[PDB]
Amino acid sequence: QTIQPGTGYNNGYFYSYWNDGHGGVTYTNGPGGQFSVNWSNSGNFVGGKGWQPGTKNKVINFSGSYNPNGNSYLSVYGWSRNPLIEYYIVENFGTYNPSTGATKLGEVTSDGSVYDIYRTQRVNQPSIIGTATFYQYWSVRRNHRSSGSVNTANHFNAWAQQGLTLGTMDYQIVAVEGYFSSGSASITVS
């Protein structure tokens, strides 16, 4: 069903849908690990399905149609606690590279493409534990795609070699994120 922001479980999978209060987003949970997000002049939003909690060696599969019209990402996305980290393995994005302005730390090859690695910091921002300052870890895929498999261990290990460690995992999903743009997407996770 089409729902407003919230988290829960649907057809065997965890889901998380969040937005900044701006309208224009239509998030809908479907059968199994499927969800769709259609947005028209949204603000910032993040929604998708997966697991609560995630693991440090999960092989995540995704497939679907991803049609962003502006700033948007398609990523394996999740968090850990102690340390508090928001991480991304970006498989596809629209008109804006999320690593713009960030300092590159290295490169890792996984699942058919090179990824560039970066760390950024969010200061006094919303998080799974409320307002907080925390780091974000990024693997940005060079060869964009809308379906495939992500061996998360390759990324977590690559990050660890650069000193980017993860705490106890919280949720881990395949998420569509948008930032003041429009677009359409339908994804199935497994």
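Note that residue numbering begins at 1 and tracks the sequence as displayed.
- Note on 112 to 120 vs 94 to 102: mean CA B-factor is higher in 94 to 102.
- For the pair 157 to 165 and 132 to 140, the record assigns the higher mean C-alpha temperature factor to 157 to 165.
- Among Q52, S63, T152, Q34, the highest C-alpha B-factor recorded in the PDB entry belongs to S63.
- When all modelled residues of the chain are sorted by CA temperature factor, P126 is found within the highest third.
- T28: CA B factor lies in the middle third for its chain, per the PDB record.
- The entry lists a Cα temperature factor for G21 that places it in the highest third of the chain's modelled residues.
- Among all modelled residues in this chain, the alpha-carbon of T188 has a temperature factor (C-alpha) in the highest third.
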